[PDB]
Amino acid sequence: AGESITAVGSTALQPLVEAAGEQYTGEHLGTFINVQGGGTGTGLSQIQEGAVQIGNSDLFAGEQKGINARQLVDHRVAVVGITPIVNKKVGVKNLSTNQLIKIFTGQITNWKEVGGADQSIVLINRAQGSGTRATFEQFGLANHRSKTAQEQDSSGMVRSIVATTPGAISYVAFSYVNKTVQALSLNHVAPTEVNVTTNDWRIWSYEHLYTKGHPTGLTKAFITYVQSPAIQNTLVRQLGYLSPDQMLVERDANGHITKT
């Protein structure tokens, strides 16, 4: 029989929830933790509906139109960095902010315009509701909206399509970066953990495990486990995230940075 819970939403946060869930269940007999993707928007909508136990989100609940943040309870567990990624043959490893904006708005349409190969650019976006996309537009693109593009439903699908598609650019959480794609530096600042801690790399968000009301039972126990120093000092960092105590800045709802 045992005790089961389900967490759904953010694909950026999914790898940490899956890893922590399997670790928790192997350490606590008779427990089951089911994890799905769907994106931040689905996480927030499903937790508001009370259709799941945990909504996994890269955003504060109030950032999403139609979500009543006051019936949800926030639990922050990590910071995740987001990086542009390109197909390995585009011929560049860095863009300025202005170049990045011009690419995503469609003003620049060939990589040669930014010192790369003579190759048409193929924008790959996530769907609206993606917390990666929201964070990338706000802190990467200075609130510019992307040109209409091919869309993919998850972090993993964005990575695979970028890998195999000549000319492709997209964005993905730091953990998803691997040898099949190339992360870009921006303004010659690299997408590293240290640079997120200082906000020298600005494209990052807090990772949230939302509940409907204050949680009980296995939901409560698992969240406590994910936030515990033992797990923060190990698994969180291994999978590419930052424990919040590593941050040397804090960021508020107006985007204001305080240095701490």
# chains A, B, ... in the order shown; residues from 1 in each chain; ligands from 1

$ closest_atom_pairs --of "segment 24-116 of chain A" --to "segment 135-149 of chain A" --cutoff "10 Å" --atoms "only C-alpha atoms" --output "tab-separated table"
residue	atom	partner	partner_atom	distance
A:58	CA	A:135	CA	8.2
A:59	CA	A:135	CA	8.1
A:81	CA	A:135	CA	9.6
A:82	CA	A:136	CA	7.1
A:83	CA	A:136	CA	8.2
A:84	CA	A:136	CA	8.6
A:97	CA	A:141	CA	7.2
A:98	CA	A:141	CA	8.4
A:99	CA	A:141	CA	9.8
A:100	CA	A:141	CA	7.1
A:101	CA	A:141	CA	5.3
A:102	CA	A:141	CA	9.1
A:103	CA	A:147	CA	8.8
A:104	CA	A:146	CA	5.1
A:105	CA	A:147	CA	4.8
A:106	CA	A:147	CA	5.8
A:107	CA	A:147	CA	9.2

$ residues_around --residues "segment 118-120 of chain A" --least-positions-apart "6" --cutoff "10 Å" --atoms "only C-alpha atoms" --output "list in words"
residues 89, 90, 91, 108, 109, 110, 111, 112, 166, 167 and 168 of chain A

$ residues_around --residues "residue 188 of chain A" --least-positions-apart "6" --cutoff "9 Å" --atoms "only C-alpha atoms" --output "PyMOL selection string"
chain A and resi 94-96

$ write_last_selection --atoms "C-alpha atoms" --output "CSV table (one decimal), in the first residue's frame"
chain,number,residue,atom,x,y,z
A,94,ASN,CA,29.5,34.5,-27.1
A,95,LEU,CA,26.9,37.2,-27.8
A,96,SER,CA,26.4,40.7,-26.4

$ select_by_dssp --residues "segment 67-206 of chain A" --states "alpha helix (DSSP H)" --output "CSV table (one decimal) with N, CA and C atoms, in the first residue's frame"
chain,number,residue,atom,x,y,z
A,97,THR,N,24.4,41.3,-25.1
A,97,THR,CA,23.0,41.5,-24.8
A,97,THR,C,22.3,42.0,-26.1
A,98,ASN,N,22.8,43.0,-26.7
A,98,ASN,CA,22.2,43.6,-27.9
A,98,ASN,C,22.1,42.6,-29.0
A,99,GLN,N,23.1,41.9,-29.3
A,99,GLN,CA,23.1,40.8,-30.3
A,99,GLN,C,22.0,39.7,-30.0
A,100,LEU,N,22.0,39.3,-28.7
A,100,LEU,CA,21.0,38.3,-28.3
A,100,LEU,C,19.6,38.8,-28.5
A,101,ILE,N,19.3,40.0,-28.2
A,101,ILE,CA,18.0,40.6,-28.3
A,101,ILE,C,17.6,40.7,-29.8
A,102,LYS,N,18.6,41.1,-30.6
A,102,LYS,CA,18.4,41.3,-32.1
A,102,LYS,C,18.1,39.9,-32.7
A,103,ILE,N,18.8,38.9,-32.2
A,103,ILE,CA,18.5,37.5,-32.7
A,103,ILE,C,17.1,37.0,-32.4
A,104,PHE,N,16.8,37.1,-31.1
A,104,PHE,CA,15.4,36.6,-30.7
A,104,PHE,C,14.3,37.5,-31.2
A,105,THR,N,14.5,38.7,-31.5
A,105,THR,CA,13.5,39.6,-32.2
A,105,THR,C,13.4,39.4,-33.7
A,131,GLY,N,8.7,28.6,-17.3
A,131,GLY,CA,9.3,29.5,-16.4
A,131,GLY,C,10.7,29.8,-16.9
A,132,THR,N,11.3,28.9,-17.7
A,132,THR,CA,12.6,29.2,-18.4
A,132,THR,C,12.4,30.3,-19.3
A,133,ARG,N,11.4,30.2,-20.2
A,133,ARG,CA,11.1,31.3,-21.1
A,133,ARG,C,10.8,32.7,-20.4
A,134,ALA,N,10.0,32.7,-19.4
A,134,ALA,CA,9.7,33.9,-18.7
A,134,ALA,C,11.0,34.6,-18.1
A,135,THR,N,11.9,33.7,-17.5
A,135,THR,CA,13.1,34.2,-16.9
A,135,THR,C,14.1,34.7,-18.0
A,136,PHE,N,14.1,34.0,-19.1
A,136,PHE,CA,15.0,34.4,-20.2
A,136,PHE,C,14.6,35.7,-20.8
A,137,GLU,N,13.3,35.9,-21.0
A,137,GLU,CA,12.8,37.1,-21.6
A,137,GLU,C,13.1,38.3,-20.7
A,138,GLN,N,12.8,38.1,-19.4
A,138,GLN,CA,13.0,39.2,-18.4
A,138,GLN,C,14.5,39.6,-18.2
A,139,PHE,N,15.3,38.6,-18.0
A,139,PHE,CA,16.7,38.8,-17.5
A,139,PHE,C,17.8,38.7,-18.6
A,155,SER,N,12.4,21.4,-21.5
A,155,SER,CA,13.8,21.6,-21.6
A,155,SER,C,14.6,20.5,-22.4
A,156,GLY,N,14.2,19.2,-22.1
A,156,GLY,CA,14.9,18.1,-22.8
A,156,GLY,C,14.7,18.2,-24.3
A,157,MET,N,13.5,18.5,-24.8
A,157,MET,CA,13.2,18.6,-26.2
A,157,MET,C,13.9,19.8,-26.9
A,158,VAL,N,14.0,20.9,-26.2
A,158,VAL,CA,14.7,22.1,-26.7
A,158,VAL,C,16.2,21.7,-26.9
A,159,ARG,N,16.8,21.0,-25.9
A,159,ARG,CA,18.2,20.5,-26.0
A,159,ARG,C,18.3,19.6,-27.3
A,160,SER,N,17.5,18.6,-27.4
A,160,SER,CA,17.7,17.6,-28.5
A,160,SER,C,17.5,18.3,-29.9
A,161,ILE,N,16.6,19.2,-30.0
A,161,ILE,CA,16.3,19.9,-31.3
A,161,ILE,C,17.5,20.8,-31.6
A,162,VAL,N,18.0,21.5,-30.6
A,162,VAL,CA,19.1,22.4,-30.8
A,162,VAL,C,20.3,21.6,-31.3
A,163,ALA,N,20.5,20.4,-30.7
A,163,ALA,CA,21.7,19.6,-31.0
A,163,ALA,C,21.7,19.2,-32.5
A,164,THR,N,20.6,18.9,-33.0
A,164,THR,CA,20.5,18.3,-34.4
A,164,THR,C,20.1,19.3,-35.5
A,193,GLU,N,28.3,28.8,-12.0
A,193,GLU,CA,27.7,28.9,-10.7
A,193,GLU,C,28.2,30.2,-10.0
A,194,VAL,N,29.5,30.4,-10.0
A,194,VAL,CA,30.0,31.6,-9.3
A,194,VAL,C,29.4,32.9,-9.9
A,195,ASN,N,29.2,32.9,-11.2
A,195,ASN,CA,28.7,34.1,-11.8
A,195,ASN,C,27.2,34.3,-11.4
A,196,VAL,N,26.4,33.2,-11.2
A,196,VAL,CA,25.0,33.4,-10.7
A,196,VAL,C,25.0,33.9,-9.3
A,197,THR,N,25.9,33.4,-8.5
A,197,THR,CA,25.9,33.8,-7.0
A,197,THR,C,26.1,35.3,-6.9

$ select_by_dssp --residues "segment 128-228 of chain A" --states "strand (DSSP E)" --output "VMD selection string"
chain A and resid 150 to 152 168 to 173 182 to 183 185 to 186 204 to 212

$ closest_residue --among "A:33, A:79, A:181, A:51" --to "residue 13 of chain A" --atoms "only C-alpha atoms"
A:79

$ atom_distance --atom1 "atom CA of residue 49 of chain A" --atom2 "atom CA of residue 72 of chain A"
10.4 Å

$ closest_residue --among "A:92, A:69, A:12, A:121" --to "residue 211 of chain A" --atoms "only C-alpha atoms"
A:69

$ closest_residue --among "A:192, A:129, A:67, A:255" --to "residue 242 of chain A" --atoms "only C-alpha atoms"
A:192

$ residues_around --residues "residue 16 of chain A" --least-positions-apart "6" --cutoff "8 Å" --atoms "only C-alpha atoms" --output "ChimeraX atom specification"
/A:235-236,239

$ write_last_selection --atoms "C-alpha atoms" --output "PDB file, in the first residue's frame"
ATOM      1  CA  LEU A 235      22.501  16.598  -4.351  1.00  0.00           C
ATOM      2  CA  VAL A 236      21.405  20.178  -5.134  1.00  0.00           C
ATOM      3  CA  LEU A 239      22.889  18.398 -10.365  1.00  0.00           C
TER       4      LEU A 239
END

$ residues_around --residues "residue 8 of chain A" --least-positions-apart "2" --cutoff "12 Å" --atoms "only C-alpha atoms" --output "PDB file with N, CA, C and O atoms, in the first residue's frame"
ATOM      1  N   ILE A   5       2.751  10.423  -3.160  1.00  0.00           N
ATOM      2  CA  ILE A   5       2.474  11.827  -3.540  1.00  0.00           C
ATOM      3  C   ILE A   5       2.930  12.043  -4.997  1.00  0.00           C
ATOM      4  O   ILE A   5       3.735  11.281  -5.527  1.00  0.00           O
ATOM      5  N   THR A   6       2.431  13.123  -5.609  1.00  0.00           N
ATOM      6  CA  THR A   6       2.751  13.513  -6.968  1.00  0.00           C
ATOM      7  C   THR A   6       3.108  15.003  -7.049  1.00  0.00           C
ATOM      8  O   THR A   6       2.401  15.873  -6.504  1.00  0.00           O
ATOM      9  N   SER A  10       7.548  22.441 -13.548  1.00  0.00           N
ATOM     10  CA  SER A  10       8.812  22.873 -14.100  1.00  0.00           C
ATOM     11  C   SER A  10       9.736  21.780 -14.591  1.00  0.00           C
ATOM     12  O   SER A  10      10.139  20.896 -13.808  1.00  0.00           O
ATOM     13  N   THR A  11      10.071  21.808 -15.881  1.00  0.00           N
ATOM     14  CA  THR A  11      11.080  20.895 -16.414  1.00  0.00           C
ATOM     15  C   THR A  11      12.517  21.288 -16.028  1.00  0.00           C
ATOM     16  O   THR A  11      13.393  20.419 -15.942  1.00  0.00           O
ATOM     17  N   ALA A  12      12.742  22.556 -15.702  1.00  0.00           N
ATOM     18  CA  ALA A  12      14.033  22.966 -15.163  1.00  0.00           C
ATOM     19  C   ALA A  12      14.332  22.331 -13.791  1.00  0.00           C
ATOM     20  O   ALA A  12      15.479  21.994 -13.476  1.00  0.00           O
ATOM     21  N   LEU A  13      13.274  22.134 -12.991  1.00  0.00           N
ATOM     22  CA  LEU A  13      13.382  21.671 -11.622  1.00  0.00           C
ATOM     23  C   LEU A  13      13.209  20.129 -11.554  1.00  0.00           C
ATOM     24  O   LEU A  13      13.642  19.466 -10.611  1.00  0.00           O
ATOM     25  N   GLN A  14      12.651  19.574 -12.615  1.00  0.00           N
ATOM     26  CA  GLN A  14      12.311  18.177 -12.669  1.00  0.00           C
ATOM     27  C   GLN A  14      13.498  17.272 -12.293  1.00  0.00           C
ATOM     28  O   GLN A  14      13.332  16.294 -11.539  1.00  0.00           O
ATOM     29  N   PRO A  15      14.702  17.549 -12.813  1.00  0.00           N
ATOM     30  CA  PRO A  15      15.803  16.611 -12.485  1.00  0.00           C
ATOM     31  C   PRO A  15      16.106  16.557 -10.992  1.00  0.00           C
ATOM     32  O   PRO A  15      16.420  15.476 -10.456  1.00  0.00           O
ATOM     33  N   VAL A  17      13.940  17.219  -8.480  1.00  0.00           N
ATOM     34  CA  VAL A  17      12.793  16.570  -7.818  1.00  0.00           C
ATOM     35  C   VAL A  17      12.818  15.053  -8.031  1.00  0.00           C
ATOM     36  O   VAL A  17      12.598  14.275  -7.120  1.00  0.00           O
ATOM     37  N   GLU A  18      13.164  14.624  -9.235  1.00  0.00           N
ATOM     38  CA  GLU A  18      13.283  13.210  -9.517  1.00  0.00           C
ATOM     39  C   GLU A  18      14.421  12.569  -8.708  1.00  0.00           C
ATOM     40  O   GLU A  18      14.296  11.470  -8.165  1.00  0.00           O
ATOM     41  N   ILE A  33       7.056   8.578  -4.682  1.00  0.00           N
ATOM     42  CA  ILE A  33       7.003   9.960  -5.115  1.00  0.00           C
ATOM     43  C   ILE A  33       7.030   9.958  -6.631  1.00  0.00           C
ATOM     44  O   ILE A  33       8.041   9.606  -7.249  1.00  0.00           O
ATOM     45  N   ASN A  34       5.932  10.436  -7.216  1.00  0.00           N
ATOM     46  CA  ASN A  34       5.746  10.450  -8.656  1.00  0.00           C
ATOM     47  C   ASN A  34       6.023  11.848  -9.132  1.00  0.00           C
ATOM     48  O   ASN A  34       5.498  12.785  -8.582  1.00  0.00           O
ATOM     49  N   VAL A  35       6.867  11.991 -10.152  1.00  0.00           N
ATOM     50  CA  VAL A  35       7.280  13.317 -10.628  1.00  0.00           C
ATOM     51  C   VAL A  35       6.954  13.400 -12.115  1.00  0.00           C
ATOM     52  O   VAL A  35       7.226  12.457 -12.888  1.00  0.00           O
ATOM     53  N   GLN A  36       6.323  14.493 -12.500  1.00  0.00           N
ATOM     54  CA  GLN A  36       6.073  14.771 -13.915  1.00  0.00           C
ATOM     55  C   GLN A  36       6.604  16.147 -14.283  1.00  0.00           C
ATOM     56  O   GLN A  36       6.821  17.007 -13.433  1.00  0.00           O
ATOM     57  N   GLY A  37       6.747  16.349 -15.596  1.00  0.00           N
ATOM     58  CA  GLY A  37       7.041  17.668 -16.160  1.00  0.00           C
ATOM     59  C   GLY A  37       5.768  18.441 -16.447  1.00  0.00           C
ATOM     60  O   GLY A  37       4.815  18.428 -15.630  1.00  0.00           O
ATOM     61  N   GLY A  38       5.717  19.089 -17.616  1.00  0.00           N
ATOM     62  CA  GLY A  38       4.596  19.943 -18.006  1.00  0.00           C
ATOM     63  C   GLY A  38       4.860  21.432 -18.068  1.00  0.00           C
ATOM     64  O   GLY A  38       4.133  22.180 -18.733  1.00  0.00           O
ATOM     65  N   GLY A  39       5.876  21.863 -17.350  1.00  0.00           N
ATOM     66  CA  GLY A  39       6.277  23.250 -17.292  1.00  0.00           C
ATOM     67  C   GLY A  39       5.744  23.927 -16.045  1.00  0.00           C
ATOM     68  O   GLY A  39       4.755  23.481 -15.448  1.00  0.00           O
ATOM     69  N   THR A  40       6.325  25.081 -15.751  1.00  0.00           N
ATOM     70  CA  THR A  40       5.944  25.891 -14.604  1.00  0.00           C
ATOM     71  C   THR A  40       4.460  26.208 -14.599  1.00  0.00           C
ATOM     72  O   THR A  40       3.791  26.086 -13.582  1.00  0.00           O
ATOM     73  N   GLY A  41       3.934  26.609 -15.755  1.00  0.00           N
ATOM     74  CA  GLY A  41       2.521  27.009 -15.844  1.00  0.00           C
ATOM     75  C   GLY A  41       1.532  25.925 -15.462  1.00  0.00           C
ATOM     76  O   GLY A  41       0.534  26.169 -14.727  1.00  0.00           O
ATOM     77  N   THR A  42       1.835  24.702 -15.900  1.00  0.00           N
ATOM     78  CA  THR A  42       1.069  23.521 -15.538  1.00  0.00           C
ATOM     79  C   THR A  42       1.240  23.205 -14.027  1.00  0.00           C
ATOM     80  O   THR A  42       0.267  22.882 -13.336  1.00  0.00           O
ATOM     81  N   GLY A  43       2.449  23.335 -13.500  1.00  0.00           N
ATOM     82  CA  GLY A  43       2.682  23.142 -12.095  1.00  0.00           C
ATOM     83  C   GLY A  43       1.807  24.040 -11.239  1.00  0.00           C
ATOM     84  O   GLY A  43       1.146  23.582 -10.317  1.00  0.00           O
ATOM     85  N   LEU A  44       1.824  25.335 -11.545  1.00  0.00           N
ATOM     86  CA  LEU A  44       1.036  26.299 -10.815  1.00  0.00           C
ATOM     87  C   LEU A  44      -0.463  26.077 -10.991  1.00  0.00           C
ATOM     88  O   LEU A  44      -1.226  26.121 -10.021  1.00  0.00           O
ATOM     89  N   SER A  45      -0.903  25.837 -12.221  1.00  0.00           N
ATOM     90  CA  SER A  45      -2.332  25.587 -12.428  1.00  0.00           C
ATOM     91  C   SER A  45      -2.829  24.332 -11.712  1.00  0.00           C
ATOM     92  O   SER A  45      -3.926  24.344 -11.113  1.00  0.00           O
ATOM     93  N   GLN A  46      -2.024  23.268 -11.712  1.00  0.00           N
ATOM     94  CA  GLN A  46      -2.463  21.999 -11.106  1.00  0.00           C
ATOM     95  C   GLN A  46      -2.458  22.079  -9.570  1.00  0.00           C
ATOM     96  O   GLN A  46      -3.369  21.571  -8.933  1.00  0.00           O
ATOM     97  N   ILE A  47      -1.488  22.778  -9.009  1.00  0.00           N
ATOM     98  CA  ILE A  47      -1.478  22.907  -7.553  1.00  0.00           C
ATOM     99  C   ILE A  47      -2.644  23.792  -7.096  1.00  0.00           C
ATOM    100  O   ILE A  47      -3.317  23.486  -6.086  1.00  0.00           O
ATOM    101  N   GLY A  50      -5.658  21.833  -6.848  1.00  0.00           N
ATOM    102  CA  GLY A  50      -5.570  20.795  -5.851  1.00  0.00           C
ATOM    103  C   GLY A  50      -5.540  19.424  -6.507  1.00  0.00           C
ATOM    104  O   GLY A  50      -5.958  18.436  -5.922  1.00  0.00           O
ATOM    105  N   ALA A  51      -5.031  19.371  -7.747  1.00  0.00           N
ATOM    106  CA  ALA A  51      -4.993  18.147  -8.526  1.00  0.00           C
ATOM    107  C   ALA A  51      -3.718  17.317  -8.316  1.00  0.00           C
ATOM    108  O   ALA A  51      -3.651  16.152  -8.745  1.00  0.00           O
ATOM    109  N   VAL A  52      -2.742  17.926  -7.613  1.00  0.00           N
ATOM    110  CA  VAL A  52      -1.459  17.291  -7.280  1.00  0.00           C
ATOM    111  C   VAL A  52      -1.079  17.731  -5.872  1.00  0.00           C
ATOM    112  O   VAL A  52      -1.717  18.607  -5.312  1.00  0.00           O
ATOM    113  N   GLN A  53      -0.030  17.128  -5.320  1.00  0.00           N
ATOM    114  CA  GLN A  53       0.419  17.509  -3.981  1.00  0.00           C
ATOM    115  C   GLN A  53       1.422  18.679  -4.007  1.00  0.00           C
ATOM    116  O   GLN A  53       1.540  19.416  -3.048  1.00  0.00           O
ATOM    117  N   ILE A  54       2.276  18.711  -5.027  1.00  0.00           N
ATOM    118  CA  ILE A  54       3.347  19.734  -5.187  1.00  0.00           C
ATOM    119  C   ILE A  54       3.332  20.257  -6.610  1.00  0.00           C
ATOM    120  O   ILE A  54       3.312  19.485  -7.549  1.00  0.00           O
ATOM    121  N   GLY A  55       3.339  21.595  -6.741  1.00  0.00           N
ATOM    122  CA  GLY A  55       3.536  22.272  -8.011  1.00  0.00           C
ATOM    123  C   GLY A  55       4.955  22.769  -8.089  1.00  0.00           C
ATOM    124  O   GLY A  55       5.410  23.567  -7.252  1.00  0.00           O
ATOM    125  N   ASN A  56       5.702  22.261  -9.046  1.00  0.00           N
ATOM    126  CA  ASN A  56       7.103  22.623  -9.252  1.00  0.00           C
ATOM    127  C   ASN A  56       7.155  23.845 -10.149  1.00  0.00           C
ATOM    128  O   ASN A  56       6.633  23.787 -11.275  1.00  0.00           O
ATOM    129  N   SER A  57       7.802  24.914  -9.692  1.00  0.00           N
ATOM    130  CA  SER A  57       7.761  26.184 -10.403  1.00  0.00           C
ATOM    131  C   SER A  57       9.116  26.911 -10.360  1.00  0.00           C
ATOM    132  O   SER A  57       9.760  26.977  -9.303  1.00  0.00           O
ATOM    133  N   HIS A 208      10.874  26.585  -6.799  1.00  0.00           N
ATOM    134  CA  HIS A 208       9.795  26.552  -5.801  1.00  0.00           C
ATOM    135  C   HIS A 208       9.068  25.221  -5.805  1.00  0.00           C
ATOM    136  O   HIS A 208       8.764  24.680  -6.900  1.00  0.00           O
ATOM    137  N   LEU A 209       8.765  24.709  -4.616  1.00  0.00           N
ATOM    138  CA  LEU A 209       7.862  23.541  -4.454  1.00  0.00           C
ATOM    139  C   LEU A 209       6.605  24.079  -3.774  1.00  0.00           C
ATOM    140  O   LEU A 209       6.609  24.277  -2.574  1.00  0.00           O
ATOM    141  N   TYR A 210       5.613  24.494  -4.529  1.00  0.00           N
ATOM    142  CA  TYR A 210       4.378  24.995  -3.983  1.00  0.00           C
ATOM    143  C   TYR A 210       3.446  23.903  -3.531  1.00  0.00           C
ATOM    144  O   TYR A 210       3.288  22.878  -4.229  1.00  0.00           O
ATOM    145  N   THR A 211       2.761  24.190  -2.420  1.00  0.00           N
ATOM    146  CA  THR A 211       1.655  23.360  -1.908  1.00  0.00           C
ATOM    147  C   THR A 211       0.371  24.179  -1.760  1.00  0.00           C
ATOM    148  O   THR A 211       0.393  25.405  -1.742  1.00  0.00           O
TER     149      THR A 211
END
